[PDB]
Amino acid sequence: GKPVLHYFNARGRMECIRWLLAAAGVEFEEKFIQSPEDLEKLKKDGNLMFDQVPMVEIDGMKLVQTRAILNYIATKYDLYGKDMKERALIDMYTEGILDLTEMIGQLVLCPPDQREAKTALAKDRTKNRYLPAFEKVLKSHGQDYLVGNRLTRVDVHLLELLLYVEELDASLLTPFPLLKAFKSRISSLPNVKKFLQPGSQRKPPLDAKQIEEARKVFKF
């Protein structure tokens, strides 16, 4: 009974879910939306509560909304900490990471005349707001993981973000030693290493031609 992930063949909002399942060591299948018809069929068949994907078929549910899916999976595979206090830290950290991830992913979609400004802003937020915040969390307790001295969903989310930060501008990570060491450690975990290796279901960034052609194949 493998979860089925319904999304376009791209990172988008589904990648964080792919990462979480991979880290949990859970095998999943994907049903790619390749044409407006595919998407229309999902809607008509009553499979999308709000007519949007990501949508994940898991445990008899056709679950939509990225956060709801992530929350369910983290709880199911014990990657959501042990109590509500720990969950408050995990949630607070996760939301910050999701905010930056969105800001960065949004760049390739910015009108040409606005993209240089949006990019400088994203880089500024990365080095002056977000990375310092997490470097600080690690420094605060000197432990290997962000929360509870054990692996949780947020360690996975942070690793993922660091990869995107490295893609944006690798020099952004230079001033953060604790984060650099964290990146190396999480990357070495068996399930993670497996997802980072070539041939996995991990998705690449989309280039200009691809983004442009997909915006036209659908309605973006």
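Residue indices: 1-based, along the sequence shown.
A.B. asks: Going by the B-factors listed in the PDB entry, is the mean over the C-alpha atoms higher for 206-214 or for 12-20?
C.D. replies: Between 12-20 and 206-214, it is 206-214 that shows the higher mean C-alpha B-factor.
A.B. asks: With reference to the PDB entry, specify whether the mean Cα temperature factor is higher for 44-52 or for 30-38.
C.D. replies: Comparing averages over the C-alpha atoms only gives 30-38.
A.B. asks: Out of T101, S140, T94, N71, which shows the largest CA B-factor listed in the entry?
C.D. replies: Going by the entry's C-alpha B-factors, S140 comes out highest.
A.B. asks: Split the chain's modelled residues into thirds by Cα B-factor; is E160 in the lowest, middle or highest one?
C.D. replies: As the PDB entry reports it, the C-alpha B-factor of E160 lands in the lowest third of its chain.
A.B. asks: Lowest, middle or highest third: where is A88 by Cα B-factor in its chain?
C.D. replies: Bottom third by C-alpha B-factor.
A.B. asks: Considering every modelled residue of the chain and its Cα B-factor in the PDB entry, is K180 in the lowest, middle or highest third?
C.D. replies: It belongs to the highest third of the chain when residues are ordered by C-alpha B-factor.
A.B. asks: Going by the recorded CA B-factors, say which third of the chain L79 sits in, lowest, middle or highest.
C.D. replies: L79: CA B-factor falls in the lowest third of its chain.
A.B. asks: Which third of the chain does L63 land in by C-alpha B-factor: lowest, middle or highest?
C.D. replies: Lowest third - that is where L63 ends up once the chain's C-alpha B-factors are sorted.
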